[PDB]
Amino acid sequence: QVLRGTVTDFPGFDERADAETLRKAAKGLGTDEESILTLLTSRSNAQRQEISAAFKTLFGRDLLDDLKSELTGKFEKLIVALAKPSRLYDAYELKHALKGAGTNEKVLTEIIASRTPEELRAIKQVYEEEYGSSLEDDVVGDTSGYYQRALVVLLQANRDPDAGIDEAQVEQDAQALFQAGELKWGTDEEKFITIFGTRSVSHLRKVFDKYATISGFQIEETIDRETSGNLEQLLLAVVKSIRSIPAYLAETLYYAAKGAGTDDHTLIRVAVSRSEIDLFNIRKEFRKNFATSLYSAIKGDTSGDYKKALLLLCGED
């Protein structure tokens, strides 16, 4: 609906003034992080880029390079994440999930399953113009099996638009998933992909509906029992993403800070990735689901300048 984040444009923005506020608390053996923190988090990504631009035209240095040398810990990755082009961040951490490590598919799934069709083309055409290699090829180059198949299916944003809704297909697909799923001595996860990947959101969101009536089980739990791991993560991702991306991502955070396993990585990207998209929506229904404030969590799970930075990014809920 009306997706709104938290990070808005700073009143009477002064790119040159801020540009050298970072020159200062990046100075000598004084790395003043609370300065950078409050400022960097008080102005939209859009502007902190013309601050990065007014930085090297001013002092001839890379605001990124310099920053990422002076700060350490989760605070470093938080600020770097914060200071980079929005229309180049999703593609960024995608390259940092197909690199010298070669795992971190939790990033692949959560980015490719959550980004709407329109912005997939962005994240993917920009990737090959900044890195040179096909976004699809890099996925197909690491990911294998049905997962990589689904990823490719989702990676080319071709999902049918919201043209209408005909119960005819709704019941048609439902059973197609039903047979591919439950009614079989196996899994034709190829009816799954095409059903989760190609058909529209509206269609699918009501397909998931009557599947519950048809099967007694809801599309998601039938997945858990009919699929395993990574592939399951993707459909699981797509499914709940489809009924509500802010919800999916909202719980993407709960699971990121639960039991002695703070995945600062997800808490970082998920927070910055949509700091100005729908993070407001994220924390407002994070209360109706997880009965907790996203604010209570970040302060009661992390420390350092990290938490107060996250809090100011989180918003004011």
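Start at 1 and count along the sequence shown; that's the residue number.
J.: Which wins on mean Cα temperature factor, 85 to 93 or 161 to 169?
T.: Mean C-alpha B-factor is greater for 161 to 169.
J.: Which wins on mean Cα temperature factor, 239 to 247 or 96 to 104?
T.: That would be 96 to 104.
J.: Which one, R274, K56, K27, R48, has the peak C-alpha temperature factor per the PDB entry?
T.: When the deposited C-alpha B-factors of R274, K56, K27, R48 are compared, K27 is largest.
J.: Based on what the PDB entry reports, which of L78, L234, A176, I111 has the top C-alpha B-factor?
T.: So the option with the highest C-alpha B-factor is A176.
J.: Considering every modelled residue of the chain and its Cα B-factor in the PDB entry, is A260 in the lowest, middle or highest third?
T.: According to the entry, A260 has a C-alpha B-factor in the chain's highest third.
J.: Going by the CA temperature factor in the PDB record, which third of the chain does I282 belong to: lowest, middle or highest?
T.: Middle third of the chain for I282's C-alpha B-factor.
J.: Taking the values exactly as deposited, rank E119 by C-alpha B-factor within its chain and report the matching third: lowest, middle or highest.
T.: Within its chain, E119 is a lowest-third residue by C-alpha B-factor, going by the deposited values.
J.: When the modelled residues of the chain are sorted by Cα temperature factor, does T266 land in the lowest, middle or highest third?
T.: It falls in the middle third of the chain.
J.: Quick one: classify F217 as lowest, middle or highest third of the chain based on its Cα B-factor.
T.: For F217, the deposited C-alpha B-factor lands in the middle third.
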